[PDB]
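Taking it in order: structure first as structure tokens, then the write-up.
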Amino acid sequence: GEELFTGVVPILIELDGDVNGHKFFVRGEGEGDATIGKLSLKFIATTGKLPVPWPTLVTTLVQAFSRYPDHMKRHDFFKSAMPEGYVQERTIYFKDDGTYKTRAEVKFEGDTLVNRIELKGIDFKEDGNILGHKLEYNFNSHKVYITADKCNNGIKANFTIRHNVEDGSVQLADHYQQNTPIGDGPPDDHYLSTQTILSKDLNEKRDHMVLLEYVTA
Amino acid sequence: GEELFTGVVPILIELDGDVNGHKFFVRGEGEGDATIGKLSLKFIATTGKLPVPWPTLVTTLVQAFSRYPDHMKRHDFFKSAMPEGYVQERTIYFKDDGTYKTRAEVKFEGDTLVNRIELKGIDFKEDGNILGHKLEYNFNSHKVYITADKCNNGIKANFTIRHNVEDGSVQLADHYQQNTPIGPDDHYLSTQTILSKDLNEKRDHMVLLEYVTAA
């Protein structure tokens, strides 16, 4: 199913989000090239002002585009189960703060790749680093550690993200992930390196996000 | 726990079955030898006329008795967990027809082996091969492909059974099975089963004789 990924592919990403009861929704559009692992997407808050600063969500929004080298082609399963697709479950524990529960399905719908995801936020502290929007509009480089799951016929991944705090400190987000094939699918332990950049279209009135990302294996 | 199976062991089999709402019950009695893998059983419809022809239930009806050769003794998980026993869950998709859901518990109760099973049938078509009693009074030879369940510490098995249709056609039944201990490398079981009837029995009945071996 790599033929699906050669060249350019249109991307639609949608979110239903409930953080401590704050009901909000995000719609994403753009394209990605698996050959060069570039993602160019613009995300839109359809529910106005976001309760949470944008940074927390960037991970919960396609590992199906990551650059796998020629000698590592057989180790990418994000593409293998395509077009049928796979499910992405995550538990995200923000240290000394609240916790996210996420469930995501990644598939082809026509010629477009789609990510429809449900988000629920629980136990976040007021005027805390998250709810108080004390997170800087930025991102660092991170390594995504991937391991096989012969039990649930998929993959688990475990890592720590560094969100820069306005005051100079850093808030950590521990991640735990599970992926499962929905129809029929296909790795030794191997890893993904991500660089992500934020920007804003000055010709945009609503709350928005321009994402450009480089992901390799 | 193979000492439990050397020589003769008495067998009691009970089922609660609900097919499209049609509630029925069957009671089976007989004996089996693991050494020679023979099953001799007589099943009785306590609820009169069965909605479904007997053949569909025969698989749902003790693998424990299967003949494991001496060099394959460690690959029997049916005997291993005995006397404590194991659970058997199955989803049986009859192609172009309805589906069975089965949950079975197999244990020793005293010196007698007992299989108590809950059965639920759904979406079977009226006047279909199943509901219309269009299945013949017979059975063919099948291979039960067994694989380990390191996740649920048991066994899974997947195969296709061929039920002979009165018209000459064949009805396929796809099987998916799960076994778990309550307290092997990939290897396979070959089954031959024969149907017959006691001429001295007024109610709906089936006499089963089965030979199951390992390879």
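Ligands are numbered from 1 in the order shown, chains are lettered A, B, ... in the order of the structure tokens, and residues start at 1 in each chain.
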Pull out every residue of chain B that has at least one atom within 9 Å of chain A, counting only C-alpha atoms, and report them as a PDB file with C-alpha atoms, in the first residue's frame.
ATOM      1  CA  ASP B 149      -2.720 -17.890  22.269  1.00  0.00           C
ATOM      2  CA  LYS B 150       0.199 -16.411  24.130  1.00  0.00           C
ATOM      3  CA  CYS B 151      -1.975 -13.335  24.658  1.00  0.00           C
ATOM      4  CA  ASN B 152      -4.860 -15.145  26.358  1.00  0.00           C
TER       5      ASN B 152
END
How close does each residue of stretch 52-162 of chain A get to stretch 35-40 of chain A, giving the shortest atom pair and distance in Å to one decimal for every residue with an atom at most 6 Å away, counting only C-alpha atoms, sorted by chain and residue number, as a Markdown table?
| residue | atom | partner | partner_atom | distance |
| --- | --- | --- | --- | --- |
| A:65 | CA | A:37 | CA | 5.2 |
| A:66 | CA | A:37 | CA | 4.8 |
| A:67 | CA | A:37 | CA | 5.0 |
### Task
List the neighbours of stretch 74-76 of chain B out to 10 Å using only C-alpha atoms; skip same-chain residues closer than 4 positions along the sequence, and give me the result as a VMD selection string.
chain B and resid 2 63 to 70 80 to 81 148 184 to 187 214
Could you dump the residues just selected with N, CA and C atoms as a short mmCIF file (atom, residue, chain, number, x, y, z; two decimals), in the first residue's frame?
data_model
loop_
_atom_site.label_atom_id
_atom_site.label_comp_id
_atom_site.auth_asym_id
_atom_site.auth_seq_id
_atom_site.Cartn_x
_atom_site.Cartn_y
_atom_site.Cartn_z
N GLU B 2 -2.91 -36.10 32.20
CA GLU B 2 -3.25 -37.12 31.22
C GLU B 2 -3.66 -38.42 31.88
N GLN B 63 -12.45 -31.76 22.87
CA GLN B 63 -11.36 -32.17 22.02
C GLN B 63 -10.44 -32.96 22.94
N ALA B 64 -10.56 -32.73 24.24
CA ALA B 64 -9.62 -33.30 25.20
C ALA B 64 -9.27 -34.75 24.87
N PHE B 65 -10.23 -35.45 24.27
CA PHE B 65 -10.08 -36.88 23.99
C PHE B 65 -9.25 -37.21 22.75
N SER B 66 -8.85 -36.19 22.00
CA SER B 66 -8.09 -36.40 20.77
C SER B 66 -6.78 -37.18 20.97
N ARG B 67 -6.45 -38.01 19.99
CA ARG B 67 -5.27 -38.86 20.06
C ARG B 67 -4.00 -38.07 19.83
N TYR B 68 -3.26 -37.79 20.90
CA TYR B 68 -1.95 -37.17 20.76
C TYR B 68 -0.87 -38.23 20.79
N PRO B 69 -0.10 -38.35 19.69
CA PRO B 69 0.99 -39.32 19.65
C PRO B 69 2.04 -39.02 20.72
N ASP B 70 2.84 -40.02 21.06
CA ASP B 70 3.78 -39.93 22.18
C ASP B 70 4.79 -38.79 22.05
N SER B 80 -3.95 -30.55 29.72
CA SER B 80 -3.00 -29.89 30.61
C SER B 80 -3.70 -29.19 31.78
N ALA B 81 -4.73 -28.42 31.48
CA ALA B 81 -5.44 -27.66 32.51
C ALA B 81 -6.42 -28.50 33.31
N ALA B 148 -1.37 -21.40 19.08
CA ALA B 148 -1.29 -20.93 20.46
C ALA B 148 -1.88 -19.52 20.65
N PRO B 184 1.51 -24.77 22.80
CA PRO B 184 1.98 -25.74 21.80
C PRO B 184 2.30 -25.09 20.46
N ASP B 185 3.31 -25.62 19.76
CA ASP B 185 3.57 -25.22 18.38
C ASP B 185 2.36 -25.56 17.52
N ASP B 186 2.28 -24.99 16.33
CA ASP B 186 1.09 -25.16 15.50
C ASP B 186 0.94 -26.60 15.02
N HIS B 187 -0.16 -27.24 15.40
CA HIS B 187 -0.42 -28.64 15.08
C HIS B 187 -1.93 -28.91 15.01
N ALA B 214 -4.24 -36.46 16.40
CA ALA B 214 -3.37 -35.29 16.27
C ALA B 214 -2.20 -35.52 15.31
#
### Query
Quick one, how far is atom CA of residue A:178 from atom CA of residue B:87?
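Separation between atom CA of residue A:178 and atom CA of residue B:87: 27.9 Å.
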Give me the residues within 10 Å of residue A:167 as a short mmCIF file (atom, residue, chain, number, x, y, z; two decimals) with C-alpha atoms, in the first residue's frame, counting only C-alpha atoms and dropping any in the same chain fewer than 4 places off.
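The result, stored in part_32.cif:
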data_model
loop_
_atom_site.label_atom_id
_atom_site.label_comp_id
_atom_site.auth_asym_id
_atom_site.auth_seq_id
_atom_site.Cartn_x
_atom_site.Cartn_y
_atom_site.Cartn_z
CA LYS A 134 0.95 29.32 29.88
CA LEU A 135 2.33 27.31 26.98
CA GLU A 136 4.51 29.03 24.38
#
